[PDB]
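Residues take their numbers from the sequence shown, with the count starting at 1.
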Amino acid sequence: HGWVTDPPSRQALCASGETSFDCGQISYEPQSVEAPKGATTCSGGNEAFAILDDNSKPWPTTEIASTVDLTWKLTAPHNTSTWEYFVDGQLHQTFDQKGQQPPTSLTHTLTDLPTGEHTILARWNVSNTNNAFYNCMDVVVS
Ligand SMILES: [Cu+2]
């Protein structure tokens, strides 16, 4: 369990009360967006958190540069295979954890992000289960 805190993901903004709409249950457990490997949606297909896929909502955006430091907060650091990052649904960067347990505070540096409005998807793959954790960040790159 864990979620991306900076730049804040959709479940982070819900849990911190930064959205102008009620997000439901996810507001109380942002660390729990868990779903089988292989998806590219913000919820991963977890039906209890379907609001995270609704793009009609006025989701807030974050202004960032093309090179940005991205921070996770883990509550239960499971042995990890890879951390995958997509930009608008297309794989951008991969980090290999070699099946090791990560630190509960973890920072990665993304580079070469395209300018304009985009949505990053962070996919955390657990090495000893069939599940991953899904985090979306809406951003404006300049
Ligand atoms: Cu867990």
Side-chain angles (χ1 to χ4, degrees), residues 1-97 99-111 113-142:
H1 284 39
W3 76 105
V4 170
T5 55
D6 186 48
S9 54
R10 289 178 178 194
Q11 58 261 54
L13 292 166
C14 288
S16 302
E18 296 271 344
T19 59
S20 59
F21 50 98
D22 178 25
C23 301
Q25 178 57 29
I26 187 59
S27 306
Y28 299 92
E29 53 175 338
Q31 73 278 8
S32 306
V33 182
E34 183 179 34
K37 285 164 186 175
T40 51
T41 55
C42 292
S43 66
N46 189 331
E47 281 171 18
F49 307 131
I51 189 157
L52 301 174
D53 290 330
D54 189 344
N55 300 324
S56 51
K57 296 284 186 271
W59 291 107
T61 56
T62 311
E63 283 162 23
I64 60 161
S66 67
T67 295
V68 63
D69 295 334
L70 176 153
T71 300
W72 286 76
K73 176 177 179 180
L74 314 187
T75 63
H78 309 299
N79 297 79
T80 296
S81 67
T82 48
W83 312 77
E84 296 173 321
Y85 292 97
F86 304 71
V87 171
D88 300 317
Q90 281 70 62
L91 184 66
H92 192 72
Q93 279 177 239
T94 303
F95 293 85
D96 187 15
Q97 200 76 37
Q100 301 175 6
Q101 170 182 323
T104 46
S105 189
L106 174 67
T107 302
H108 291 130
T109 302
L110 307 182
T111 66
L113 293 178
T115 60
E117 190 177 355
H118 303 273
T119 300
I120 302 167
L121 170 65
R123 185 164 86 181
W124 172 23
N125 294 308
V126 180
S127 73
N128 44 28
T129 73
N130 199 65
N131 302 334
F133 291 80
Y134 297 86
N135 282 263
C136 275
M137 291 64 62
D138 296 319
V139 301
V140 180
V141 179
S142 64

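Taking the six-membered ring where the residue is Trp, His78 and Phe133 present parallel rings, their angle staying beneath 30° rather than reaching 60°. Between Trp72 and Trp124, the ring-plane angle classifies as perpendicular under the 30° and 60° cut-offs.
Side-chain atoms of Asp96 and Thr82 form no donor-acceptor pair, as typed in the model, at a separation below 3.5 Å. Counting only N and O atoms by type, the side chains of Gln11 and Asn135 include a donor and acceptor under 3.5 Å apart. Of the N and O atoms on the side chains of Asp53 and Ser43, at least one donor lies less than 3.5 Å from an acceptor on the other residue.
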Practice task
Begin from the C-alpha positions of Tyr134 and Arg123 and carry the test side chain to side chain contact (heavy atoms under 4.5 Å, CB included) through to its verdict.
Solution key: CA-CA 5 Å; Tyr134 297 86; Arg123 185 164 86 181; 3.7 Å; yes

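At distances below 3.5 Å, not a single donor-acceptor pair connects side-chain atoms of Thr71 with backbone N or O atoms of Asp69. Between the side chain of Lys57 and the main chain of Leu52, no donor-acceptor pair closer than 3.5 Å is present. The closest donor-acceptor contact from the side chain of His108 to the backbone of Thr94 lies at 3.5 Å or more, if one exists at all.
Between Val141 and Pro114, the shortest heavy-atom contact is CB-O, 3.4 Å.
The environment of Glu117 atom CD is sparse: at most 12 non-hydrogen atoms of other residues, nucleotides or ligands sit within 6.0 angstrom.
Between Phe95 and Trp83, the ring center distance fails the sub-6.0 Å criterion.
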